[PDB]
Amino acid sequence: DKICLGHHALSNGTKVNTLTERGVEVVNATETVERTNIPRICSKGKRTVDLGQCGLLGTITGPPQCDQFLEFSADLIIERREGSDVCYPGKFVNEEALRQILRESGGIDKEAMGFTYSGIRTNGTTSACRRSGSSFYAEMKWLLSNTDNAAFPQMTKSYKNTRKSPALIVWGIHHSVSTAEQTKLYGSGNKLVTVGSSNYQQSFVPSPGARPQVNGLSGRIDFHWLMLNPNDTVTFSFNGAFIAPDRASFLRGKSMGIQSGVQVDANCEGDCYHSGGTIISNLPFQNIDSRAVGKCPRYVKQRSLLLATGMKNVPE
């Protein structure tokens, strides 16, 4: 007598939201917000450099913890909490700009400045910088006066960038513990260091005085930098208190830089990283970490957003 039409159903369905309604039950649904973290840096197939105790900015100056990173090469650069940029207490002027440059550099290649010195000492070391006895930043030279209290002769040194890419140049200003200890090292009088590239003009007068003991030492070194263009020249006029660059750094290509406290893992591949590991997902959204970097799903505040993949569930 009759033929009936109908559709499939479950007794119990999956709740979703629509334009009109909260929590309507459908036959099937799928998650659109990723919550699964891999607690590891997934670096399969990527030239990876884990800096460990070496600070990223330390790769340009060369404290002992960074001796194996002076000319590194990488697609992925991992900074660690224990990493330190310095041996002898100090810090970088404009530090985070330089980090951002180095994170995406693809690593660094180093080259001799060609500076030659006459009338001054050039081998100043310290107990903070340890390589079987006292040492100093590998890429730098602590310039001094020939003898104690002696005059530091006003000096001019120049470096032309003869290569096709920008040269990262770094120099340091030493701030000694006393007004006396500045005079001991570089002689009396107020000392002046100046720097000039086509698109750069700045000057540096020191400031002796007592800072608290870091690494057992109350002295500080300021570090500065500029990017010297192809064919441009940079001149260092200095009367003392100067940490001279021995080498110049050039950037190799491209890379991605991350900060993390989890282990490296060459068994999983991923392009979305945060400090707690890797987000591996094809979902368009993620609720794991808003500061995730690389190629990531978009961060959203919602924990979950289910997308209906079936009809409305209408049980008997």
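Start at 1 with the first residue shown and count on from there.
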The stretch carrying the higher mean Cα B factor in the deposited entry, 86-94 or 178-186, is 178-186
Identify the stretch, either 95-103 or 231-239, whose C-alpha atoms have the larger mean B-factor according to the entry.
231-239
Top residue by Cα temperature factor, when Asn123, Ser73, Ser165, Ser218 are compared in the entry:
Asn123
Can you tell me which of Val170, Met113, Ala150, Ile77 has the highest Cα temperature factor in the record?
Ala150
Lowest, middle or highest third: which one holds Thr14 when the chain's residues are ordered by CA B-factor from the entry?
middle
